file start-v7.csv (CSV, N, CA and C atoms)
chain,number,residue,atom,x,y,z
A,1,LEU,N,31.8,52.1,-15.2
A,1,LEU,CA,30.5,51.8,-15.7
A,1,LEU,C,29.4,52.5,-14.9
A,2,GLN,N,29.3,53.8,-15.0
A,2,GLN,CA,28.3,54.6,-14.4
A,2,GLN,C,28.1,54.4,-12.9
A,3,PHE,N,29.2,54.6,-12.1
A,3,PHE,CA,29.2,54.6,-10.7
A,3,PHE,C,29.6,55.9,-10.1
A,4,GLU,N,28.6,56.8,-9.9
A,4,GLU,CA,28.8,58.1,-9.4
A,4,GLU,C,28.0,58.4,-8.1
A,5,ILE,N,28.3,59.5,-7.4
A,5,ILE,CA,27.6,59.9,-6.3
A,5,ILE,C,26.2,60.4,-6.6
A,6,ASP,N,25.1,59.9,-6.0
A,6,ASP,CA,23.8,60.3,-6.3
A,6,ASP,C,23.3,61.3,-5.3
A,7,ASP,N,23.0,62.5,-5.8
A,7,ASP,CA,22.5,63.6,-5.0
A,7,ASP,C,21.0,63.3,-4.6
A,8,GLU,N,20.4,62.3,-5.2
A,8,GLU,CA,19.0,61.9,-4.8
A,8,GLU,C,19.1,60.9,-3.7
A,9,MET,N,20.2,60.7,-3.1
A,9,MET,CA,20.4,59.7,-2.1
A,9,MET,C,21.1,60.3,-0.8
A,10,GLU,N,21.9,61.2,-1.0
A,10,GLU,CA,22.7,61.8,0.1
A,10,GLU,C,21.8,62.3,1.3
A,11,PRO,N,20.7,63.0,1.0
A,11,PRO,CA,19.8,63.4,2.1
A,11,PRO,C,19.3,62.2,2.9
A,12,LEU,N,19.0,61.1,2.2
A,12,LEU,CA,18.5,59.9,2.9
A,12,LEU,C,19.6,59.3,3.8
A,13,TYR,N,20.9,59.4,3.4
A,13,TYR,CA,22.0,58.9,4.2
A,13,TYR,C,22.1,59.7,5.4
A,14,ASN,N,22.1,61.0,5.3
A,14,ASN,CA,22.3,61.9,6.4
A,14,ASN,C,21.1,61.8,7.4
A,15,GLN,N,19.9,61.5,6.8
A,15,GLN,CA,18.7,61.2,7.6
A,15,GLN,C,18.9,59.9,8.4
A,16,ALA,N,19.4,58.9,7.8
A,16,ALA,CA,19.6,57.6,8.4
A,16,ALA,C,20.6,57.6,9.5
A,17,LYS,N,21.7,58.4,9.3
A,17,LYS,CA,22.7,58.5,10.3
A,17,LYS,C,22.3,58.9,11.7
A,18,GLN,N,21.2,59.6,11.7
A,18,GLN,CA,20.6,60.1,13.0
A,18,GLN,C,19.6,59.1,13.5
A,19,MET,N,19.1,58.2,12.7
A,19,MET,CA,18.1,57.3,13.0
A,19,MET,C,18.6,55.9,13.5
A,20,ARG,N,18.9,55.9,14.8
A,20,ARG,CA,19.4,54.6,15.4
A,20,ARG,C,18.2,53.8,15.9
A,21,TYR,N,18.4,52.5,15.9
A,21,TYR,CA,17.3,51.5,16.3
A,21,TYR,C,17.8,50.6,17.5
A,22,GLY,N,17.7,49.3,17.3
A,22,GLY,CA,18.0,48.4,18.4
A,22,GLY,C,18.9,47.2,17.9
B,1,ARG,N,21.7,33.8,-9.5
B,1,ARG,CA,22.9,34.5,-10.0
B,1,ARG,C,22.6,36.0,-10.2
B,2,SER,N,23.6,36.8,-10.1
B,2,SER,CA,23.4,38.3,-10.3
B,2,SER,C,23.4,38.6,-11.8
B,3,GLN,N,22.5,39.6,-12.1
B,3,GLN,CA,22.5,40.1,-13.5
B,3,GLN,C,23.7,41.0,-13.8
B,4,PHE,N,24.2,41.7,-12.8
B,4,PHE,CA,25.3,42.6,-13.0
B,4,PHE,C,26.5,41.8,-13.4
B,5,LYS,N,26.7,40.6,-12.7
B,5,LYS,CA,27.9,39.7,-13.1
B,5,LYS,C,27.7,39.2,-14.5
B,6,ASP,N,26.5,39.0,-15.0
B,6,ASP,CA,26.2,38.5,-16.3
B,6,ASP,C,26.4,39.6,-17.4
B,7,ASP,N,26.3,40.8,-16.9
B,7,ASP,CA,26.4,41.9,-17.9
B,7,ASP,C,27.8,42.4,-18.1
B,8,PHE,N,28.7,42.2,-17.1
B,8,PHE,CA,30.0,42.7,-17.1
B,8,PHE,C,31.0,41.7,-16.7
B,9,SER,N,32.1,41.5,-17.4
B,9,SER,CA,33.1,40.5,-17.1
B,9,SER,C,33.9,40.9,-15.8
B,10,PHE,N,34.7,40.0,-15.3
B,10,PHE,CA,35.4,40.3,-14.0
B,10,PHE,C,36.4,41.5,-14.2
B,11,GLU,N,37.0,41.6,-15.3
B,11,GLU,CA,38.0,42.7,-15.5
B,11,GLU,C,37.3,44.0,-15.3
B,12,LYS,N,36.2,44.2,-16.0
B,12,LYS,CA,35.4,45.5,-15.9
B,12,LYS,C,35.0,45.8,-14.4
B,13,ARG,N,34.5,44.7,-13.8
B,13,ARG,CA,34.0,44.9,-12.4
B,13,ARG,C,35.1,45.2,-11.4
B,14,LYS,N,36.2,44.5,-11.5
B,14,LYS,CA,37.3,44.7,-10.6
B,14,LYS,C,37.9,46.1,-10.8
B,15,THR,N,38.0,46.5,-12.1
B,15,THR,CA,38.5,47.9,-12.4
B,15,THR,C,37.6,48.9,-11.8
B,16,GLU,N,36.3,48.7,-11.9
B,16,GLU,CA,35.3,49.7,-11.4
B,16,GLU,C,35.3,49.8,-9.9
B,17,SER,N,35.4,48.6,-9.2
B,17,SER,CA,35.4,48.6,-7.8
B,17,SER,C,36.7,49.2,-7.2
B,18,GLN,N,37.8,48.9,-7.8
B,18,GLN,CA,39.1,49.5,-7.4
B,18,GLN,C,39.1,51.0,-7.6
B,19,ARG,N,38.6,51.4,-8.8
B,19,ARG,CA,38.5,52.9,-9.0
B,19,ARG,C,37.6,53.6,-8.0
B,20,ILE,N,36.4,53.0,-7.7
B,20,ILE,CA,35.5,53.5,-6.8
B,20,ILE,C,36.1,53.6,-5.4
B,21,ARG,N,36.7,52.5,-4.9
B,21,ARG,CA,37.3,52.5,-3.6
B,21,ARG,C,38.5,53.4,-3.5
B,22,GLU,N,39.2,53.7,-4.6
B,22,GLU,CA,40.3,54.7,-4.6
B,22,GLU,C,39.8,56.1,-4.6
B,23,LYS,N,38.6,56.3,-5.2
B,23,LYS,CA,38.1,57.7,-5.3
B,23,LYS,C,37.2,58.0,-4.0
B,24,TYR,N,36.5,57.1,-3.5
B,24,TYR,CA,35.7,57.3,-2.3
B,24,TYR,C,36.0,56.2,-1.2
B,25,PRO,N,37.1,56.4,-0.5
B,25,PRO,CA,37.6,55.4,0.6
B,25,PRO,C,36.6,55.3,1.7
B,26,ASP,N,35.7,56.3,1.8
B,26,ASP,CA,34.7,56.3,2.9
B,26,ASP,C,33.4,55.6,2.5
B,27,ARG,N,33.2,55.3,1.2
B,27,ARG,CA,32.0,54.7,0.7
B,27,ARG,C,32.2,53.2,0.4
B,28,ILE,N,31.1,52.5,0.4
B,28,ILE,CA,31.0,51.1,0.1
B,28,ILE,C,30.2,50.9,-1.2
B,29,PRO,N,30.8,50.2,-2.2
B,29,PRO,CA,30.2,49.9,-3.4
B,29,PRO,C,29.2,48.7,-3.3
B,30,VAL,N,27.9,48.9,-3.5
B,30,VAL,CA,26.9,47.9,-3.3
B,30,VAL,C,26.1,47.7,-4.5
B,31,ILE,N,25.9,46.4,-4.9
B,31,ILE,CA,25.0,46.0,-5.9
B,31,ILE,C,23.8,45.4,-5.2
B,32,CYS,N,22.6,45.9,-5.5
B,32,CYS,CA,21.4,45.5,-4.7
B,32,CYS,C,20.3,45.2,-5.7
B,33,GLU,N,20.0,43.9,-5.8
B,33,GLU,CA,19.0,43.4,-6.7
B,33,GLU,C,17.9,42.6,-6.0
B,34,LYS,N,16.7,42.6,-6.7
B,34,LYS,CA,15.5,41.9,-6.1
B,34,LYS,C,15.6,40.4,-6.4
B,35,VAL,N,15.1,39.6,-5.4
B,35,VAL,CA,14.9,38.2,-5.6
B,35,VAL,C,14.0,37.9,-6.8
B,36,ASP,N,14.4,37.0,-7.6
B,36,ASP,CA,13.8,36.7,-8.9
B,36,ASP,C,12.3,36.4,-8.8
B,37,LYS,N,11.9,35.6,-7.9
B,37,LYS,CA,10.5,35.2,-7.8
B,37,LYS,C,9.7,35.8,-6.6
B,38,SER,N,10.2,37.0,-6.2
B,38,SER,CA,9.5,37.7,-5.1
B,38,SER,C,8.4,38.5,-5.6
B,39,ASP,N,7.7,39.2,-4.7
B,39,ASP,CA,6.4,39.9,-5.1
B,39,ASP,C,6.5,41.4,-5.1
B,40,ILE,N,7.2,41.9,-4.1
B,40,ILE,CA,7.2,43.4,-3.9
B,40,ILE,C,7.9,44.2,-4.9
B,41,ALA,N,8.1,45.5,-4.7
B,41,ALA,CA,8.5,46.4,-5.7
B,41,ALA,C,10.0,46.3,-6.1
B,42,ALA,N,10.3,46.6,-7.3
B,42,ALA,CA,11.7,46.8,-7.8
B,42,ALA,C,11.9,48.1,-8.4
B,43,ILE,N,13.0,48.7,-8.2
B,43,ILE,CA,13.3,50.1,-8.7
B,43,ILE,C,14.3,50.1,-9.8
B,44,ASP,N,14.8,51.3,-10.1
B,44,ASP,CA,15.8,51.5,-11.2
B,44,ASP,C,17.2,51.4,-10.7
B,45,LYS,N,17.5,52.0,-9.6
B,45,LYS,CA,18.8,52.0,-9.0
B,45,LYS,C,19.2,50.7,-8.3
B,46,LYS,N,20.4,50.2,-8.7
B,46,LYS,CA,20.9,49.0,-8.1
B,46,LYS,C,22.3,49.3,-7.6
B,47,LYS,N,22.9,50.3,-8.1
B,47,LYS,CA,24.3,50.7,-7.8
B,47,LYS,C,24.3,51.8,-6.7
B,48,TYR,N,24.8,51.4,-5.5
B,48,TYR,CA,24.8,52.2,-4.3
B,48,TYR,C,26.3,52.5,-3.9
B,49,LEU,N,26.5,53.7,-3.3
B,49,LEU,CA,27.7,54.1,-2.6
B,49,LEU,C,27.4,54.4,-1.2
B,50,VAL,N,27.2,53.5,-0.3
B,50,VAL,CA,26.7,53.8,1.0
B,50,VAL,C,27.8,53.9,2.0
B,51,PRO,N,27.7,55.0,2.9
B,51,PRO,CA,28.7,55.3,3.9
B,51,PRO,C,29.1,54.1,4.8
B,52,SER,N,30.4,54.0,5.1
B,52,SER,CA,30.9,52.9,5.8
B,52,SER,C,30.5,52.9,7.3
B,53,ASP,N,30.2,54.0,7.8
B,53,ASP,CA,29.8,54.2,9.2
B,53,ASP,C,28.3,53.9,9.5
B,54,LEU,N,27.6,53.7,8.4
B,54,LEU,CA,26.2,53.3,8.5
B,54,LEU,C,26.0,51.9,9.0
B,55,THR,N,24.9,51.7,9.8
B,55,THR,CA,24.6,50.3,10.2
B,55,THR,C,23.7,49.6,9.1
B,56,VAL,N,23.6,48.3,9.3
B,56,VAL,CA,22.7,47.6,8.4
B,56,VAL,C,21.3,48.1,8.4
B,57,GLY,N,20.8,48.3,9.7
B,57,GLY,CA,19.4,48.8,9.9
B,57,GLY,C,19.1,50.1,9.2
B,58,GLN,N,20.1,51.0,9.3
B,58,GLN,CA,20.0,52.3,8.7
B,58,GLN,C,20.0,52.2,7.2
B,59,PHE,N,20.7,51.3,6.7
B,59,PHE,CA,20.7,51.1,5.2
B,59,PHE,C,19.4,50.5,4.8
B,60,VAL,N,18.8,49.6,5.6
B,60,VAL,CA,17.5,49.1,5.3
B,60,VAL,C,16.4,50.2,5.3
B,61,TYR,N,16.5,51.1,6.2
B,61,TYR,CA,15.7,52.3,6.3
B,61,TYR,C,15.8,53.1,5.0
B,62,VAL,N,17.1,53.3,4.6
B,62,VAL,CA,17.4,54.1,3.4
B,62,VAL,C,16.7,53.5,2.1
B,63,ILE,N,16.8,52.2,2.0
B,63,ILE,CA,16.2,51.6,0.8
B,63,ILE,C,14.7,51.5,0.9
B,64,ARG,N,14.1,51.5,2.1
B,64,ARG,CA,12.7,51.5,2.2
B,64,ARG,C,12.2,52.9,1.8
B,65,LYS,N,12.9,53.9,2.2
B,65,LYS,CA,12.5,55.3,1.7
B,65,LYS,C,12.7,55.5,0.2
B,66,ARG,N,13.7,54.8,-0.3
B,66,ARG,CA,14.0,54.9,-1.8
B,66,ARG,C,12.9,54.2,-2.6
B,67,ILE,N,12.5,53.0,-2.2
B,67,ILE,CA,11.4,52.3,-2.9
B,67,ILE,C,10.0,52.7,-2.5
B,68,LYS,N,9.9,53.5,-1.5
B,68,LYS,CA,8.6,54.0,-0.9
B,68,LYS,C,7.8,52.8,-0.5
B,69,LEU,N,8.3,51.9,0.3
B,69,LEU,CA,7.6,50.7,0.9
B,69,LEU,C,6.5,51.2,1.9
B,70,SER,N,5.4,50.5,1.9
B,70,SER,CA,4.4,50.8,2.9
B,70,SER,C,4.8,50.4,4.3
B,71,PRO,N,4.6,51.2,5.3
B,71,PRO,CA,5.1,51.1,6.7
B,71,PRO,C,4.7,49.8,7.4
B,72,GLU,N,3.7,49.0,6.8
B,72,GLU,CA,3.3,47.8,7.4
B,72,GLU,C,4.0,46.6,6.9
B,73,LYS,N,4.6,46.7,5.7
B,73,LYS,CA,5.2,45.6,5.0
B,73,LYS,C,6.6,45.3,5.5
B,74,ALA,N,7.0,44.1,5.4
B,74,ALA,CA,8.4,43.7,5.7
B,74,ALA,C,9.3,43.8,4.5
B,75,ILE,N,10.6,43.9,4.7
B,75,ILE,CA,11.6,43.7,3.7
B,75,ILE,C,12.8,43.0,4.2
B,76,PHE,N,13.1,41.8,3.6
B,76,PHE,CA,14.2,41.0,4.1
B,76,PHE,C,15.4,41.1,3.2
B,77,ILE,N,16.5,41.6,3.8
B,77,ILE,CA,17.8,41.8,3.0
B,77,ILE,C,18.7,40.6,3.3
B,78,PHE,N,19.2,40.0,2.2
B,78,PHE,CA,20.1,38.9,2.3
B,78,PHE,C,21.5,39.2,1.7
B,79,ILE,N,22.5,38.8,2.5
B,79,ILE,CA,23.9,38.8,2.0
B,79,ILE,C,24.5,37.4,2.0
B,80,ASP,N,24.9,36.9,0.9
B,80,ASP,CA,25.4,35.6,0.8
B,80,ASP,C,24.4,34.6,1.4
B,81,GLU,N,23.1,34.8,1.0
B,81,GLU,CA,22.0,34.0,1.4
B,81,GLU,C,21.8,33.9,3.0
B,82,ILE,N,22.3,34.9,3.7
B,82,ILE,CA,22.0,35.0,5.1
B,82,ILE,C,21.5,36.3,5.5
B,83,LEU,N,20.8,36.4,6.6
B,83,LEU,CA,20.3,37.7,7.1
B,83,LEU,C,21.3,38.3,8.1
B,84,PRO,N,21.9,39.5,7.7
B,84,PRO,CA,22.8,40.2,8.6
B,84,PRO,C,22.2,40.9,9.7
B,85,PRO,N,22.8,40.9,10.9
B,85,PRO,CA,22.3,41.6,12.1
B,85,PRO,C,22.1,43.1,11.8
B,86,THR,N,21.0,43.7,12.3
B,86,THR,CA,20.7,45.1,12.0
B,86,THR,C,21.7,46.1,12.6
B,87,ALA,N,22.3,45.7,13.7
B,87,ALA,CA,23.2,46.6,14.5
B,87,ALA,C,24.7,46.5,13.9
B,88,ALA,N,24.9,45.7,12.9
B,88,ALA,CA,26.2,45.5,12.3
B,88,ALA,C,26.6,46.7,11.4
B,89,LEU,N,27.9,47.1,11.5
B,89,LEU,CA,28.4,48.2,10.6
B,89,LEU,C,28.6,47.7,9.2
B,90,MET,N,28.3,48.6,8.2
B,90,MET,CA,28.5,48.3,6.8
B,90,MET,C,30.0,48.0,6.5
B,91,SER,N,30.9,48.6,7.1
B,91,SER,CA,32.3,48.4,6.9
B,91,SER,C,32.7,47.0,7.3
B,92,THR,N,32.2,46.5,8.5
B,92,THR,CA,32.5,45.2,8.9
B,92,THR,C,31.9,44.2,8.0
B,93,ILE,N,30.6,44.4,7.6
B,93,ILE,CA,30.0,43.5,6.6
B,93,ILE,C,30.7,43.4,5.3
B,94,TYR,N,31.3,44.5,4.9
B,94,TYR,CA,32.0,44.6,3.6
B,94,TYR,C,33.3,43.8,3.7
B,95,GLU,N,34.1,44.0,4.8
B,95,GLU,CA,35.3,43.3,5.0
B,95,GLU,C,35.1,41.8,5.0
B,96,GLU,N,34.0,41.4,5.6
B,96,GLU,CA,33.7,40.0,5.7
B,96,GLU,C,33.1,39.3,4.4
B,97,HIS,N,32.3,40.1,3.7
B,97,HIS,CA,31.5,39.5,2.6
B,97,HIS,C,31.8,40.0,1.2
B,98,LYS,N,32.7,41.0,1.0
B,98,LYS,CA,33.0,41.5,-0.3
B,98,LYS,C,33.3,40.4,-1.3
B,99,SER,N,32.9,40.6,-2.5
B,99,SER,CA,33.1,39.6,-3.6
B,99,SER,C,34.5,39.7,-4.1
B,100,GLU,N,35.0,38.8,-4.9
B,100,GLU,CA,36.3,38.8,-5.4
B,100,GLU,C,36.6,40.0,-6.3
B,101,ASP,N,35.5,40.5,-6.9
B,101,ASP,CA,35.6,41.7,-7.8
B,101,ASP,C,35.6,43.0,-6.9
B,102,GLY,N,35.5,42.9,-5.6
B,102,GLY,CA,35.5,44.0,-4.7
B,102,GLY,C,34.1,44.7,-4.5
B,103,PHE,N,33.1,44.1,-5.0
B,103,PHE,CA,31.7,44.6,-4.8
B,103,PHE,C,31.0,43.9,-3.6
B,104,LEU,N,30.1,44.5,-3.0
B,104,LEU,CA,29.2,43.9,-2.0
B,104,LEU,C,27.9,43.6,-2.6
B,105,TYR,N,27.5,42.3,-2.8
B,105,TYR,CA,26.3,41.9,-3.4
B,105,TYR,C,25.2,41.7,-2.4
B,106,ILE,N,24.1,42.5,-2.6
B,106,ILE,CA,23.0,42.4,-1.7
B,106,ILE,C,21.7,42.1,-2.4
B,107,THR,N,21.0,41.2,-1.8
B,107,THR,CA,19.7,40.7,-2.4
B,107,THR,C,18.6,41.2,-1.4
B,108,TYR,N,17.4,41.4,-1.9
B,108,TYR,CA,16.2,41.6,-1.0
B,108,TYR,C,14.9,41.0,-1.5
B,109,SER,N,14.1,40.6,-0.5
B,109,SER,CA,12.8,40.0,-0.8
B,109,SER,C,11.7,40.5,0.0
B,110,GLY,N,10.5,40.4,-0.5
B,110,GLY,CA,9.3,40.8,0.3
B,110,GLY,C,8.8,39.7,1.2
B,111,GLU,N,9.1,38.4,0.9
B,111,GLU,CA,8.8,37.3,1.6
B,111,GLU,C,9.9,36.3,1.9
B,112,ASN,N,10.2,36.1,3.2
B,112,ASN,CA,11.3,35.1,3.6
B,112,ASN,C,11.2,34.8,5.1
call {"tool": "encode", "arguments": {"input": "start-v7.csv", "output": "structure tokens"}}
result
Amino acid sequence: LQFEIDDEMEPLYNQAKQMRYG
Amino acid sequence: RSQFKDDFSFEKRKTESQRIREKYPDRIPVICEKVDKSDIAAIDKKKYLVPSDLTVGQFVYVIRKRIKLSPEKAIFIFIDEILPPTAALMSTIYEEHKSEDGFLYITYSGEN
């Protein structure tokens, strides 16, 4: 039911992986 | 109650989550909906495939960028009506909180 990889989201994920907090 | 659960029966949901998990073992299938009586913004996408190595905080960041929330405003994310620790891994959260159909149901609010 329309569950696929979003190319509009992957850059955000790779951005977040570097963005550590506390 | 979730709208996604009202739209699709258990059979369809379980089939979808099993298929997803078998196709992308590194990704986590997330349903993310807005609190019914909340105030802040709601978007179009509720179906997410978020990396298992991501932390909760990083995911919160991701959805803030997705909805373009203003940097002064709060956003509170609930899982099973509780607030998960920001430093927790998504894989841990999933193993602990995944629904019977194999999806992870996430709610969010502007006020809480």
call {"tool": "interface_residues", "arguments": {"input": "start-v7.csv", "of": "chain B", "to": "chain A", "cutoff": "7 Å", "atoms": "only N, CA and C atoms", "output": "VMD selection string"}}
result
chain B and resid 16 47 49 54 58 to 59 61 to 62 86 to 87
call {"tool": "residues_around", "arguments": {"input": "start-v7.csv", "residues": "stretch 65-73 of chain B", "least_positions_apart": "6", "cutoff": "7 Å", "atoms": "only N, CA and C atoms", "output": "list in words"}}
result
residues 41, 42 and 43 of chain B
call {"tool": "atom_distance", "arguments": {"input": "start-v7.csv", "atom1": "atom CA of residue B:79", "atom2": "atom C of residue B:38"}}
result
17.3 Å
call {"tool": "atom_distance", "arguments": {"input": "start-v7.csv", "atom1": "atom CA of residue B:102", "atom2": "atom CA of residue B:14"}}
result
6.2 Å
call {"tool": "residues_around", "arguments": {"input": "start-v7.csv", "residues": "residue B:111", "least_positions_apart": "6", "cutoff": "7 Å", "atoms": "all atoms listed in the file", "output": "list in words"}}
result
residues 38, 39, 40, 74, 75 and 76 of chain B
call {"tool": "select_by_dssp", "arguments": {"input": "start-v7.csv", "residues": "chain A", "states": "alpha helix (DSSP H)", "output": "PyMOL selection string"}}
result
chain A and resi 10-18
call {"tool": "write_last_selection", "arguments": {"input": "start-v7.csv", "atoms": "N, CA and C atoms", "output": "tab-separated table (two decimals), keeping the file's coordinate frame"}}
result
chain	number	residue	atom	x	y	z
A	10	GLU	N	21.90	61.20	-1.00
A	10	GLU	CA	22.70	61.80	0.10
A	10	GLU	C	21.80	62.30	1.30
A	11	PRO	N	20.70	63.00	1.00
A	11	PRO	CA	19.80	63.40	2.10
A	11	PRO	C	19.30	62.20	2.90
A	12	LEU	N	19.00	61.10	2.20
A	12	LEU	CA	18.50	59.90	2.90
A	12	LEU	C	19.60	59.30	3.80
A	13	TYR	N	20.90	59.40	3.40
A	13	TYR	CA	22.00	58.90	4.20
A	13	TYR	C	22.10	59.70	5.40
A	14	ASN	N	22.10	61.00	5.30
A	14	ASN	CA	22.30	61.90	6.40
A	14	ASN	C	21.10	61.80	7.40
A	15	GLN	N	19.90	61.50	6.80
A	15	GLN	CA	18.70	61.20	7.60
A	15	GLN	C	18.90	59.90	8.40
A	16	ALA	N	19.40	58.90	7.80
A	16	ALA	CA	19.60	57.60	8.40
A	16	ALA	C	20.60	57.60	9.50
A	17	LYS	N	21.70	58.40	9.30
A	17	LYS	CA	22.70	58.50	10.30
A	17	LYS	C	22.30	58.90	11.70
A	18	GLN	N	21.20	59.60	11.70
A	18	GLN	CA	20.60	60.10	13.00
A	18	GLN	C	19.60	59.10	13.50
call {"tool": "closest_residue", "arguments": {"input": "start-v7.csv", "among": "B:89, B:109, B:83, B:24", "to": "residue B:36", "atoms": "only C-alpha atoms"}}
result
B:109
call {"tool": "atom_distance", "arguments": {"input": "start-v7.csv", "atom1": "atom N of residue B:64", "atom2": "atom CA of residue B:108"}}
result
10.6 Å
call {"tool": "residues_around", "arguments": {"input": "start-v7.csv", "residues": "residue B:46", "least_positions_apart": "2", "cutoff": "6.5 Å", "atoms": "only N, CA and C atoms", "output": "ChimeraX atom specification"}}
result
/B:30-33,43-44,48
call {"tool": "residues_around", "arguments": {"input": "start-v7.csv", "residues": "residue B:18", "least_positions_apart": "2", "cutoff": "12 Å", "atoms": "only C-alpha atoms", "output": "compact mmCIF listing (two decimals) with N, CA and C atoms, keeping the file's coordinate frame"}}
result
# COMPACT_ATOMS: atom_id res chain seq x y z
N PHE A 3 29.20 54.60 -12.10
CA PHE A 3 29.20 54.60 -10.70
C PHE A 3 29.60 55.90 -10.10
N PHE B 10 34.70 40.00 -15.30
CA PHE B 10 35.40 40.30 -14.00
C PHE B 10 36.40 41.50 -14.20
N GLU B 11 37.00 41.60 -15.30
CA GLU B 11 38.00 42.70 -15.50
C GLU B 11 37.30 44.00 -15.30
N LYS B 12 36.20 44.20 -16.00
CA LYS B 12 35.40 45.50 -15.90
C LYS B 12 35.00 45.80 -14.40
N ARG B 13 34.50 44.70 -13.80
CA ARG B 13 34.00 44.90 -12.40
C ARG B 13 35.10 45.20 -11.40
N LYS B 14 36.20 44.50 -11.50
CA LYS B 14 37.30 44.70 -10.60
C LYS B 14 37.90 46.10 -10.80
N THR B 15 38.00 46.50 -12.10
CA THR B 15 38.50 47.90 -12.40
C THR B 15 37.60 48.90 -11.80
N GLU B 16 36.30 48.70 -11.90
CA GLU B 16 35.30 49.70 -11.40
C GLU B 16 35.30 49.80 -9.90
N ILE B 20 36.40 53.00 -7.70
CA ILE B 20 35.50 53.50 -6.80
C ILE B 20 36.10 53.60 -5.40
N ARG B 21 36.70 52.50 -4.90
CA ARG B 21 37.30 52.50 -3.60
C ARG B 21 38.50 53.40 -3.50
N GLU B 22 39.20 53.70 -4.60
CA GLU B 22 40.30 54.70 -4.60
C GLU B 22 39.80 56.10 -4.60
N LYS B 23 38.60 56.30 -5.20
CA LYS B 23 38.10 57.70 -5.30
C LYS B 23 37.20 58.00 -4.00
N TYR B 24 36.50 57.10 -3.50
CA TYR B 24 35.70 57.30 -2.30
C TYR B 24 36.00 56.20 -1.20
N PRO B 25 37.10 56.40 -0.50
CA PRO B 25 37.60 55.40 0.60
C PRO B 25 36.60 55.30 1.70
N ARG B 27 33.20 55.30 1.20
CA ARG B 27 32.00 54.70 0.70
C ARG B 27 32.20 53.20 0.40
N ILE B 28 31.10 52.50 0.40
CA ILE B 28 31.00 51.10 0.10
C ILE B 28 30.20 50.90 -1.20
N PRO B 29 30.80 50.20 -2.20
CA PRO B 29 30.20 49.90 -3.40
C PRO B 29 29.20 48.70 -3.30
N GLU B 100 35.00 38.80 -4.90
CA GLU B 100 36.30 38.80 -5.40
C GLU B 100 36.60 40.00 -6.30
N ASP B 101 35.50 40.50 -6.90
CA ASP B 101 35.60 41.70 -7.80
C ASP B 101 35.60 43.00 -6.90
N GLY B 102 35.50 42.90 -5.60
CA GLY B 102 35.50 44.00 -4.70
C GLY B 102 34.10 44.70 -4.50
N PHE B 103 33.10 44.10 -5.00
CA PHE B 103 31.70 44.60 -4.80
C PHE B 103 31.00 43.90 -3.60
call {"tool": "select_by_dssp", "arguments": {"input": "start-v7.csv", "residues": "chain B", "states": "strand (DSSP E)", "output": "JSON, numbers by chain"}}
result
{"B": [27, 28, 29, 30, 31, 32, 33, 34, 47, 48, 49, 50, 51, 76, 77, 78, 104, 105, 106, 107, 108, 109]}
